[PDB]
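Participant: Based on what follows, work out the 3D shape:
(4 chains)
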Number of protein chains: 2
Amino acid sequence: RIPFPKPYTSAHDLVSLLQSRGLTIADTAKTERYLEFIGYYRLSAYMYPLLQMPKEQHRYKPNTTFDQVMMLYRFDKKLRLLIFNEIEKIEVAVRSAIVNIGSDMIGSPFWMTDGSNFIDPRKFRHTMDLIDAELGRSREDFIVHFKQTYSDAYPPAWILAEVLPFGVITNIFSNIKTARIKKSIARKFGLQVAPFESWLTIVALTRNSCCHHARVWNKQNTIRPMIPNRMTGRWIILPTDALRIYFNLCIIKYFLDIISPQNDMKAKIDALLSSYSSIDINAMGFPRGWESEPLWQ
Amino acid sequence: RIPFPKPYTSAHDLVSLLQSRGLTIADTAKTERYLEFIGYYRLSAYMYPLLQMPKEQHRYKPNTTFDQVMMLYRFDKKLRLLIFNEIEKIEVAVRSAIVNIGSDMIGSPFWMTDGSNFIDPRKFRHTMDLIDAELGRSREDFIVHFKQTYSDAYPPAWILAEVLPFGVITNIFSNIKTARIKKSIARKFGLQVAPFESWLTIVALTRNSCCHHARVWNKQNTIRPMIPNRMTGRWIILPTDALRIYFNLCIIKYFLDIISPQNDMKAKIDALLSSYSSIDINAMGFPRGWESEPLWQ
RNA sequence: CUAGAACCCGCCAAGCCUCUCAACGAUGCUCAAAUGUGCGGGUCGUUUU
RNA sequence: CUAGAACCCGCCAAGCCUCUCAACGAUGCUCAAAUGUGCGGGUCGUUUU
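Facilitator: Numbers count the residues shown, from 1 in each chain, chains lettered A, B, ... in the order given. Shown next is the protein structure:
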């Protein structure tokens, strides 16, 4: 394997280099300040759509500006916040629904603590390590007063669901043995069991993309969502590409229409796409005429 | 220790219970739907300010409504998003500043990989476990093409800083041996070294509070920030309580005024506080007349 | 966890009439009700602005 | 990592004139420049709407 031949290039020589590659740059102090504080190689992933089609030569396509790179960066920054604000509601609702339906159909407050209610002890006794690792470090308002006051080993499920991560909760959900309980929890969110599990793991990954500031708008996905056969709500008609960012917005909208019927996620999406209108929608995977579908009315 | 005497109470039954505690409830189907989807014990932390001062009796203070509980919940939900949107800029800028000043003052692209540049190997060889654990699982666009193409063990710092968490980066920063480098990085953000380290750990904790949906607005903090003696910018004059949510906003504003001089964080904060005006500001730790300070002009 | 806790297609052990059938339980269903975390096979290489 | 990678106060090994001093290096500084991840001591119990 080849030794790496490139040195560190200073933020002044980077503007000299970028102007040698054909990128038009104006108000050069601002571009040097962005290259110092945001960085070259972070912005390189947004400069990449403006390279000309033999991209191995690293020359830009003509008539391009650095303000277009700032345009794409600020659009992706606003898009991740728009997705996160609506993920938060589902991330509360699934937790509450699991706790409530488990305590209703089991008849115990403490059902999350017993291995007899879960399918495989090989994952249950693994998850108990994460539960003990969170309760071994938590010092919050209600945890320590509970374990001062009360005898039993772990708090009942409405207490314990506040301090667990969402990737723990959706891993507890898949292990629930009595399938009538899983049917009831999936039936509250208007789906059968297997597409509900698939859309939970899509929601978890879409949250992970928003928390760690990854490139979102023209990113190829790889974990394909499942298509339900039985429905209790509005859905897509026109054929769409599954692995772009559009399908995740459709899944979040489908859960949101059951959680909050009077919601306004569409008007957020229109305000975002109209306000940053210089971006081609076909890279984001919306098919043309997406306003016509029953999910988005 | 006492055995726990409370059963699961059905979401129908809590409305009769809450109405027996004196809380006025109207449009009852909505309140049952919120108790099913958001949950009682999550909302209990926002019902708690409306309990009357002998709170051990669990009776509400008179003239209270459940819409006030929804008011406090929606304010805290909007406040965490307002804090996160401004934390993201600093979370990029500190990474870029560390990579750029290290590559400038060391003269190597690969300075993050060598133990001779860090103080204690007892933390460096610990952090190398996290670096290897991220590169052992990453499959992103640029990582795998680099390790196919090039010989050397880890990518240079502008590549590697994209895939590391912020708690890793601020733990790399404290270990840098040559103190002139630390002075240069702190001097770019207009502070001396020790309050810069203190404000980095306050920024990391304030991000952690926003990502996991914790109660924020009337929460007591415990990790007290440091007060700088040497300054290169505007700061507070009037004496303020350190351990409320106000001081974190002041630190984020101080970094933001150096990153982006034309920023608009006050226009976010005043619109938030005026739009949800039924909430007492003294619980949030703003002293009266906070508009008068040089930091907020 | 965005080559995965991914998607698809057949086969199996049990069971039942929501669908559909000349059959009245299979020519049906397993994403109705119920229920197992059964098995083999196959595609997917991470930015056209 | 919101009883901590927290804050505060003294003491030590080295060093230097940015401050300040009758001293021209201590009556100074260690959050100027430089530099060590040195030491002992002390407070902080996690929602008045």
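Participant: nearest residue to residue A:60 other than its sequence neighbours?
Facilitator: With C-beta to C-beta, 6 or more residues apart in numbering or on different chains as the criterion, residue A:60 has its nearest non-adjacent residue at 4.4 Å, and that residue is residue A:22. Just so you know, the C-beta spots here come from the backbone N, C-alpha and C atoms, and that holds for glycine as well.
Participant: contact partners of stretch A:254-272?
Facilitator: Stretch A:254-272 is touched from outside by A:75, A:78-79, A:82, A:86, A:89-90, A:93, A:188-190, A:199, A:203, A:233-235, A:249, A:252-253, A:295-296, B:37, with contacts defined as C-beta atoms under 8 Å, 6 or more residues apart in numbering or on different chains.
Participant: how about the residues of chain A near RNA strand D?
Facilitator: A:137, A:139, A:140, A:141 (C-beta under 7 Å from any atom of the strand).
Participant: possible to save those as CSV with secondary structure?
Facilitator: Formatted as CSV, the residues of chain A next to RNA strand D follow (DSSP: H, G, I helix; E, B strand; the rest coil):
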residue, secondary structure
A:137, coil
A:139, coil
A:140, coil
A:141, coil
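Participant: from the residues you listed, which would you call buried?
Facilitator: Among those, not one is classed as buried by 16 or more other C-beta atoms under 10 Å in any protein chain shown.
Participant: could I get those as CSV with distance to residue A:273?
Facilitator: Formatted as CSV, those follow (distance: C-beta to C-beta, whole Å):
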residue, distance to residue A:273
A:137, 42
A:139, 44
A:140, 40
A:141, 42
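Participant: Could you find which two of those are furthest from each other?
Facilitator: Greatest spatial distance in the residues of chain A next to RNA strand D: A:137 and A:141, 14.9 Å, computed using C-beta to C-beta.
Participant: Which single one of the residues of chain A next to RNA strand D is nearest to RNA strand D?
Facilitator: Ranked by distance to RNA strand D (C-beta to the nearest atom of the strand), these are led by residue A:139 at 3.8 Å.
Participant: how far away is the closest one from residue B:235?
Facilitator: Computed as C-beta to C-beta, to the nearest Å, the residue A:139 to residue B:235 distance reads 31 Å.
Participant: And for residue A:87?
Facilitator: According to C-beta to C-beta, residue A:87 and residue B:235 sit 36 Å apart.
Participant: Compare these two (neighbour count), which wins?
Facilitator: residue A:87 (21 against 13; other C-beta atoms under 10 Å in any protein chain shown).
Participant: tell me the contacts of the residue lying closest to that one once chain neighbours are set aside?
Facilitator: Closest residue in space to residue A:87, ignoring its immediate chain neighbours: residue A:207 at 5.0 Å, by C-beta to C-beta, 6+ apart. Each residue near residue A:207 by C-beta under 8 Å, 6+ apart is listed here: A:84, A:87, A:91, A:166.
Participant: out of these, which are buried?
Facilitator: Among the contacts of residue A:207, those classed as buried by 16+ other C-beta under 10 Å are A:84, A:87, A:91, A:166.
Participant: Assess the claim that the first one and residue A:210 are in contact.
Facilitator: Looking back up the chat, that one is residue A:84. Yes: with contact defined as C-beta atoms under 8 Å, residue A:84 counts as touching residue A:210 (4.3 Å).
Participant: And the helices in chain A, which stretches?
Facilitator: A:11-20, A:28-37, A:40-47, A:66-106, A:121-135, A:143-149, A:157-160, A:166-173, A:179-188, A:193-211, A:246-259, A:265-275 (DSSP state H).
Participant: So for chain A, which residue is the most central one in space?
Facilitator: With distances taken as C-alpha atoms, centre = their mean, residue A:206 lies nearest the centre of chain A, 1.8 Å away.
Participant: how many other residues sit next to residue A:222?
Facilitator: So residue A:222, with other C-beta under 10 Å, has 8 neighbours.
Participant: Name the nearest residue to it, ignoring sequence neighbours.
Facilitator: Nearest residue to residue A:222 in three dimensions, chain neighbours excluded: residue A:243, at 6.9 Å (C-beta to C-beta, 6+ apart).
Participant: Can you pull the residues of the stretch 51-200 of chain A lying near chain B?
Facilitator: Residues of the stretch 51-200 of chain A lying close to chain B by C-beta under 8 Å from any C-beta of the partner chain are A:77, A:81, A:84-85, A:88, A:91-93, A:95-97, A:99-100, A:103-104, A:107-109, A:141, A:148-152, A:156, A:158-159, A:161-162, A:165.
Participant: Show the buried residues in these.
Facilitator: Buried by 16+ other C-beta under 10 Å: A:84-85, A:91-93, A:95-97, A:99-100, A:103, A:109, A:150, A:156, A:158, A:161-162, out of these.
Participant: restrict the residues you listed to those near RNA strand C?
Facilitator: By C-beta under 7 Å from any atom of the strand, no member of those lies near RNA strand C.
Participant: if we can go back for a sec, give me the distance between the residue nearest to residue A:222 and chain B.
Facilitator: Per C-beta to the nearest C-beta, to the nearest Å, residue A:243 is found 15 Å from chain B.
Participant: Surely that residue and residue A:219 touch.
Facilitator: No: taking contacts as C-beta under 8 Å, residue A:243 lies outside contact range of residue A:219: 9.2 Å.
Participant: Comparing those two, which residue is more hemmed in?
Facilitator: Between residue A:243 and residue A:219, counting by other C-beta under 10 Å, residue A:219 is the more crowded of the two (17 against 14).
Participant: Just give the nearest non-adjacent residue to that one, would you?
Facilitator: Among residues not flanking residue A:219 along the chain, residue A:245 sits closest, at 6.9 Å (C-beta to C-beta, 6+ apart).
Participant: How about residue A:218?
Facilitator: Distance criterion C-beta to C-beta, 6+ apart; nearest residue to residue A:218, sequence neighbours excluded, is residue A:283 at 4.6 Å.
Participant: okay but that neighbour is in contact with residue A:216, surely?
Facilitator: No: assessed by C-beta under 8 Å, residue A:283 is found out of contact with residue A:216, at 11.4 Å.
Participant: Settle it for me: which of these two has more neighbours?
Facilitator: Between residue A:283 and residue A:216, residue A:216 has the larger neighbour count (other C-beta under 10 Å), namely 18 against 13.
Participant: how far away is that one from residue A:209?
Facilitator: For residue A:216 relative to residue A:209 (C-beta to C-beta), the value is 6 Å.
Participant: same thing with residue A:99?
Facilitator: Distance, residue A:99 to residue A:209, by C-beta to C-beta: 27 Å.
Participant: which residues does the residue nearest to residue A:219 contact?
Facilitator: Residue A:245 makes contact with A:79, A:216, A:217, A:219, A:221, A:284, A:285, according to C-beta under 8 Å, 6+ apart.
Participant: Can you tell me which of these lies closest to chain B?
Facilitator: Minimum distance to chain B across the contacts of residue A:245 is 8.8 Å, recorded for residue A:219 (C-beta to the nearest C-beta).
Participant: quick one, phi/psi of the residue nearest to residue A:138 when sequence neighbours are not counted?
Facilitator: Of all residues not flanking residue A:138 in the chain, residue A:163 sits nearest, at 5.6 Å (C-beta to C-beta, 6+ apart). Dihedral pair for residue A:163: phi -110, psi 10, per degrees, to the nearest 10.
Participant: Fine by me, we can end here.
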